[PDB]
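Asks: Give me coordinates for this.
(one chain, ligands or ions: 1)
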Amino acid sequence: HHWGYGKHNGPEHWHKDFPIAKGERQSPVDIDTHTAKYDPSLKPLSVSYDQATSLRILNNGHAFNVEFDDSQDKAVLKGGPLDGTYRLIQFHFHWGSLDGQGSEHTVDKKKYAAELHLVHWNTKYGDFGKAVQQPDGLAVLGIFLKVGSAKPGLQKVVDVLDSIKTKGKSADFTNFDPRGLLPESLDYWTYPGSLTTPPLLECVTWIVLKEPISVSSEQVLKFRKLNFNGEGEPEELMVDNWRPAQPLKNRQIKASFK
Ligand SMILES: [Zn+2]
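Replies: Numbering: from 1, shown residues only. Have a look at this structure:
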């Protein structure tokens, strides 16, 4: 009876095994664009992904992760609300069974078709496992996906998904360039929050970009063909792997832009 996204193990159950689910700095949240405060003290984000080394793609039974080599400062995020250098370790997505839902973060209650998370950890803690125990240990870049035109830079990801259909499968995935997933503008909202899957630790500085990227109906259809289950256990399509919005409680969302 492991956690997941179904009727009987889904987000409304998670608190029984992970009491921090009802904590004071849980994610995701709804971003109220009229209540977000412009903070002109926020620096622009610095994304240096020109030396990124992707290694592998895998289906971990709740999403697919593309993993990067994080043994040196090769793909890093700096600037913005962050002190220090945060290394990219993996990215993944959350998506829906239909185009009108899928994202974790919402903007004035609007859901997008999917949400990309680029996960980075604070190099001062030395590894990822130590970073998740600290309040400033991780920085996640969140990017919304809407359905429209195809994103060429995602097609390489879509094409290998057939080879990792079921839980526990992996495949070599070298020379993928994550710069092909970024929108044009780097304006962002930021707030302190949590992992959105168990263990839901409150170690994340969230940076959510204002500008969505567009993907095609056909691209996102291919995400929906993946499986939560292992080979060949009964087929359960990996859809709606998103956590609903949580109470903002005592936090302020800040914007880098007016
Ligand atoms: Zn995520």
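
Asks: check contacts around the residue of the chain most remote from its centre.
Replies: No residue in the chain sits farther from the centre than residue 232, which is 27.9 Å out by C-alpha atoms, centre = their mean. Each residue near residue 232 by C-beta atoms under 8 Å, 6 or more residues apart in numbering is listed here: residue 166. C-beta here means a position set from N, CA and C on the backbone, and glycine is covered the same way.

Asks: name the element it belongs to?
Replies: Under DSSP states H and E, no helix or strand contains residue 232.

Asks: give me phi/psi at it?
Replies: When quoted as degrees, to the nearest 10, the phi and psi of residue 232 stand at phi -90, psi 100.

Asks: how much space between it and residue 167?
Replies: For residue 232, the distance to residue 167 equals 11 Å [C-beta to C-beta, to the nearest Å].

Asks: burial of the closest residue to residue 108 other than its chain neighbours, as a residue count?
Replies: The spatially closest residue to residue 108, leaving aside those adjacent along the chain, is residue 33, at 5.5 Å (C-beta to C-beta, 6 or more residues apart in numbering). For residue 33, the neighbour count with other C-beta atoms under 10 Å is 13.

Asks: doesn't residue 106 make contact with residue 33?
Replies: No - using C-beta atoms under 8 Å, residue 33 is not in contact with residue 106, being 10.7 Å away.

Asks: which neighbours do the two share?
Replies: Counting by C-beta under 8 Å, 6+ apart, nothing touches both residue 33 and residue 106.

Asks: which residues sit in contact with the residue lying closest to residue 187 once chain neighbours are set aside?
Replies: Excluding its sequence neighbours, the residue lying closest to residue 187 (C-beta to C-beta, 6+ apart) is residue 257, at 4.1 Å. Residues near residue 257 by C-beta under 8 Å, 6+ apart: 38, 187, 188, 210.

Asks: Out of those, which end up buried?
Replies: Buried by 16 or more other C-beta atoms under 10 Å: 187, 188, 210, out of these.

Asks: Identify the residues contacting the last one.
Replies: With contact taken as C-beta under 8 Å, 6+ apart, residue 210 is in contact with 185, 187, 188, 189, 255, 257.
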